[PDB]
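Peer 1: Pasting a structure here, questions to come.
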Amino acid sequence: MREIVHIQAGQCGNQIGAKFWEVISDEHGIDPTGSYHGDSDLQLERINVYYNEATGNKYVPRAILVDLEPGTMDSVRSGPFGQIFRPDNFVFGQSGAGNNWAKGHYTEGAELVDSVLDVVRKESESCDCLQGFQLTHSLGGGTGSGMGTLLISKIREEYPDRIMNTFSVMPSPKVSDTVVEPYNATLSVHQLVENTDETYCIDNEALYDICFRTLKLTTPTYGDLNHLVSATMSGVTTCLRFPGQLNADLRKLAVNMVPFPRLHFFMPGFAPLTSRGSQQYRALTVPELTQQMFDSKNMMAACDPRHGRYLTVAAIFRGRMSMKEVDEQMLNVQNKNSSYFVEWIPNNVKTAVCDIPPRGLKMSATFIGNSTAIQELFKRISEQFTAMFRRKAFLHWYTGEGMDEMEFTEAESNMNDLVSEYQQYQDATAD
Amino acid sequence: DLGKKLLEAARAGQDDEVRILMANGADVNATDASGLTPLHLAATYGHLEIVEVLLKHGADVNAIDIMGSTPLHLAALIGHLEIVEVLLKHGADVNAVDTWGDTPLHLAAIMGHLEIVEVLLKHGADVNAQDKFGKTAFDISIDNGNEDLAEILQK
Amino acid sequence: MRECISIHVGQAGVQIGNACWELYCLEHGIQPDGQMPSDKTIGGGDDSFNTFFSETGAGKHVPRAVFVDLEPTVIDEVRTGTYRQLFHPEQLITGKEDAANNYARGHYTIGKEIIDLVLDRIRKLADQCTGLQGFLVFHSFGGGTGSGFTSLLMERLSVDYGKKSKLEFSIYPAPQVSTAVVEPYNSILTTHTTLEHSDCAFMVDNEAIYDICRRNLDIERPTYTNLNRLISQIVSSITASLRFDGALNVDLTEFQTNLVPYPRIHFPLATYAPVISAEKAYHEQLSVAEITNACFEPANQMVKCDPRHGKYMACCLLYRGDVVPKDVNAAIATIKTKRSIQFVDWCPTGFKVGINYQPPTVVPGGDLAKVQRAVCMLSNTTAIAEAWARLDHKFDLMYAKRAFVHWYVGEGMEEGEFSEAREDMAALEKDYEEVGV
Ligand SMILES: Nc1nc2c(ncn2[C@@H]2O[C@H](COP(=O)(O)OP(=O)(O)OP(=O)(O)O)[C@@H](O)[C@H]2O)c(=O)[nH]1
Ligand SMILES: Nc1nc2c(ncn2[C@@H]2O[C@H](COP(=O)(O)OP(=O)(O)O)[C@@H](O)[C@H]2O)c(=O)[nH]1
Ligand SMILES: COc1ccc(CCc2nc3ccccc3s2)cc1O
Ligand SMILES: [Mg+2]
């Protein structure tokens, strides 16, 4: 297993996806034309995981760009690396999704999904040993949420032996266009619990709180939030893209991080937290890196880890640092915080270390937690879903697309079952 | 029946049809099957001009549907700030309770409409009002970790 | 001859195998390209090293060795490293997709695609043998390939070579040097399905080897290369009797006779002395009495446990170097007189002794100092059940919640096999309790 096929759907999915590709292109020495210009051979060793090699020492993202509205095409192409994508992998429709999960999942999106699968099929056939799929999307819209989850279901049925992994950004009133986002997100979470193996929960509530309260940005923009998203996506994929000793891949991560199939929603974290063009993060040591990494303020999901228990944890340290010091700091955190790691999964905290740091930093750490405290995120969406649904507000936008009202009650029911599952393992004892 | 047409005109935001229908005798306080009035629907879908028109022609600002929802409940839930203040100006009950024990303050807090929250507080929203699970708006803000909301609610 | 075929499965087995065959070549005077000047036989040959090396017409000595992994990364290093020319290229076998730390993928869904190629390649080596005695199998407990594919391979080898002995060198997992949360599951699953197909299994506790590197070799953070060079030194001690002239453990059958009284409790404990850092090149040389005494300190054991809390069923001492037999006998007498080491009542309470008078070899590149005499003690003690108990407890904690079980059921395995394997381990622990109390 090596190659990953990347899909970005909808406005949010394509915006964070484009950022992802310009970030890792820089780490791997790839310029906006696809040519390599790096100073380390480690940048090429695992390049095929995300890139197809082209005719003349040129590298093309294994990325499929999808949206039901054409406006996001132009913007992505206008971007710094917009020309590096394969033009045939732009699969876009004419009329958008109107922030309506049902349009994305049942009407407009169902018309376009077959065109997308033709491109996915092609990209998979040229893979020496495809390991799985990675999707970037938001859950609060219509395309990334409605058509995204439909794409996941259809890919799941055609490539059932492959890993399905998503970067799913959760809506928040703090960064909100409409009050139907809880509808769209709850319907999507229903699909995600069943058809993905691993989901990275990127919470816009957390991203806004970081920018506003920690970074002191009085009025955060999408570029501010996406600064944090791209840093997080770079960190969690570091071990897929560079050698190291772990020989990490999407299936080994899933096998070791997901003890129960439905509880596969990860809480990511990052340290140091910086804003664009600041350079303030300088004197950062291994004890500080480790403390911040587990700090609730550094989580990309708006959840307090100390209100739950960690089932599993992976920590990725990047940069030159004392591995002797990482191990003593990592053991230190586990011993003084013993009450926040379940006792019935021995050795459930994994340390990975990568030589090559990200741009602008010499030391950095990335956190991936499977914590029962993520139920706070789903309880927040659920309360908003219920507040709207009990008043039947805007429901005709969904039933008017052939959708049945019981689909809402079943999504509501499934998400509340998911919350009860987390609580069950939060209170379970070894005994 | 002009009432059904007024209900659909108010929902759709068809200002001119609302004017003509009331000119032909349409029941400003007509109800659909669940007890929603034209004012309920105009307040839900953000039609400020229709809200003001209905209130000038005898709409009951505090009417309840079958579930106890008043127009202010729905405007506070959806987030229509200016409609909230028109409703309060015309005598809306800031502390009306629906069948789930929710007040307008509960619904604005849950949906994160912080400016509406502030408005309701200045108009005497009951900070001790509990829903059927015993939660006040401040309880909701503590449970969901909404620090901005919690600060607003402590004045 | 009476040839032996070594099989290396998964990363741990392959990398340990690399270190072992490097050491073997140095012990026998074989260059990386297979050439051997010291002893001049044209082709074939019937010397003692021929148990482990065939000979081509051109004077090339080729390991009787197979390396298997389900992904190519580790074996690709063997194909490009110092000993690329040493091995049969067709005996380095790789798939494209590993077991993802999953016993069920190694045994069922992924291992099934390559098992028949591995067996046909093993058959090719077997067909070059005038008197094959059996197999030495190297693998980890915790890996998906090392656990799952090894158990599948051992099952098929029992059908295809019913009369041949099978010896295991098995890496027992440690938290300090681990790769997966599910390693207790894979360890219990493979032990259960391999138990009836293995005649003798030497467990290597990665934590014990880790401890020795840190305390004896002053290596703060041991690498796999550090661990493996120490492991290979101990494996060579155990197999030297098969590769040189000797009077103790001269064939694989004799391992069982001397070390395995009952077929299920076939897990001897290895203890090796002395382990001295290469920076202490001018260390005072330890006597036979001293290195023999060191064989009864827990700090030199390959598996962490307490033999004082157990009883002995067999005990072999394999000396290497400047070792006079009378000094061994005096040292043994001191052990029985002063030490409270208890044998069960139904075994000969004696110690079997072998002496190879060649000094131990140390690899250039290693962390071990040259010594004039060394000793490996192989003992079958009920105390090694403590190691099974530690593994079973980690298994029980996760299984009680059915944590991670769905990954195995989703890969061609029934949930019923978890309890079957665990109850077999419970029966193994009772076997040790009944023998020693
Ligand atoms: N002593 C030693 N242990 C190793 C080595 N490599 C891996 N291990 C240990 O072996 C276990 C992991 O099994 P591996 O052999 O790496 O995995 P595998 O057999 O290739 O199976 P998969 O990778 O899951 O397909 C862990 O306990 C590691 O600590 C090694 O070179 N030397
Ligand atoms: N972090 C982040 N969130 C976004 C971005 N663009 C849209 N969103 C969020 O995505 C949701 C709207 O979905 P969107 O992707 O715009 O609609 P779609 O095109 O139909 O999928 C809302 O929750 C927005 O806050 C972005 O660039 N960054
Ligand atoms: C919780 O314990 C563990 C967790 C994970 C792993 C291995 C695989 C990984 N794959 C990735 C991929 C990307 C980033 C980090 C990682 S760790 C082994 C463990 O013992
Ligand atoms: Mg492996």
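Residue numbers (PDB author numbering), protein chains in the order written: chain B, 1 to 42, 45 to 360, 369 to 441; chain F, 13 to 167; chain A, 1 to 437.
Think of the CB as a built atom: it goes at the ideal place given N, C-alpha and C, for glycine as much as any other residue.
(1) For residue 18 of chain A, which residues in the same chain have their Cβ closer than 7 Å to its Cβ, ignoring the five residues on either side in sequence?
(2) Strictly under 8 Å for the Cβ-Cβ distance: is residue 9 of chain B near chain F by that measure?
(3) Determine, using beta carbons only, whether residue 49 of chain A and residue 320 of chain A come nearer to each other than 8 Å.
(4) Within 10 angstroms of the Cβ of residue 263 of chain A, are there 16 or more other Cβ atoms? Answer buried if so, exposed if not.
(5) Relative to the C-alpha of residue 34 of chain B, which candidate in B:426, B:19 and B:57 has its C-alpha closest?
(6) I need the boundaries of the beta strand (DSSP E) containing residue 319 of chain A, first residue and last residue.
(7) Under 8 Å between beta-carbons, which chain B residues line up against residue 156 of chain F? List them in chain order, please.
(8) Give a yes or no on whether the C-beta atoms belonging to residue 298 of chain B and residue 307 of chain B are separated by under 8 Å.
(9) Is it the case that the Cβ atoms of residue 384 of chain B and residue 316 of chain B are separated by a distance below 8 Å?
(10) Write down the C-beta distance between residue 86 of chain A and residue 63 of chain A rounded to the nearest angstrom, noting that I regard them as a contact closer than 8 Å.
(11) Would you give the residue range spanned by the beta strand (DSSP E) that residue 55 of chain B belongs to?
(12) If we cut at 8 Å on Cβ distances, does residue 314 of chain B have a partner in chain A?
(13) How many whole angstroms separate the CB atoms of residue 6 of chain A and residue 128 of chain A, which I take to be in contact at a CB cut-off of 8 Å?
(14) Which residue's Cα is closest to the Cα of residue 326 of chain A: A:314, A:288 and A:297?
(15) Let me know the secondary structure DSSP gives residue 360 of chain A once reduced to three states.
(16) For residue 175 of chain B, decide whether its Cβ has a neighbour in chain F, counting only Cβ atoms nearer than 8 Å.
(17) Is the Cβ-Cβ distance between residue 332 of chain A and residue 272 of chain A less than 8 Å?
(18) Could you pull the start and end residues of the alpha helix (DSSP H) that residue 393 of chain A belongs to?
(19) Run through DSSP, which three-state label would residue 15 of chain A get?
(20) How many angstroms separate the CA atom of residue 194 of chain B from the CA atom of residue 199 of chain A?
(21) Based on DSSP bridge pairs, tell me the residues matched to residue 7 of chain B.
(22) From the DSSP output, in three-state form, read off residue 184 of chain A for me.
(23) Can you tell me whether residue 234 of chain B sits near ligand 1, meaning its C-beta is under 7 Å from at least one heavy atom of the ligand?
(24) State whether the segment 261 to 270 of chain B contacts the segment 373 to 382 of chain B, with contact taken as three or more CB pairs (one from each stretch) at a distance under 8 Å.
(25) Does residue 102 of chain A come within less than 8 Å of chain B when only Cβ atoms are used?
(26) Quick one: is residue 232 of chain A near chain B, going by C-beta distance under 8 Å?
(27) Using 8 Å as the threshold, is the C-beta distance between residue 166 of chain B and residue 198 of chain B below it?
(28) Quick check on residue 217 of chain A - is its C-beta less than 8 Å from some C-beta in chain B?
(29) Please report the distance separating the alpha-carbon of residue 159 of chain F from that of residue 206 of chain B.
(30) Under a three-way DSSP split, which group does residue 339 of chain B fall into?
(31) Kindly provide the ranges of any beta strand (DSSP E) runs that are 3 or more residues long and lie completely inside the segment 242 to 267 of chain A, ordered along the chain.
(32) Assign residue 108 of chain A to one of three DSSP states: helix, strand, or coil.
(33) Relative to the C-alpha of residue 115 of chain B, which candidate in B:310, B:73 and B:9 has its C-alpha closest?
(34) With 16 other CB atoms within 10 Å as the buried threshold, where does residue 437 of chain A fall?
(35) Quick check: what's the CA-CA separation for residue 42 of chain A versus residue 121 of chain A?
(36) Ligand 1 and residue 59 of chain B: does the residue's C-beta get closer than 7 Å to at least one heavy atom of that ligand?
Peer 2: The answer reads as follows:
(1) 78
(2) no
(3) no
(4) exposed
(5) B:57
(6) 312 to 321
(7) 386, 389, 390 and 393
(8) yes
(9) no
(10) 6 Å
(11) 53 to 55
(12) yes
(13) The Cβ separation is near 14 Å, so there is no contact.
(14) A:288
(15) coil
(16) yes
(17) no
(18) 385 to 399
(19) helix
(20) 48 Å
(21) B:66 and B:137
(22) helix
(23) no
(24) yes
(25) yes
(26) no
(27) yes
(28) no
(29) 15 Å
(30) coil
(31) none
(32) helix
(33) B:9
(34) exposed
(35) 26 Å
(36) no
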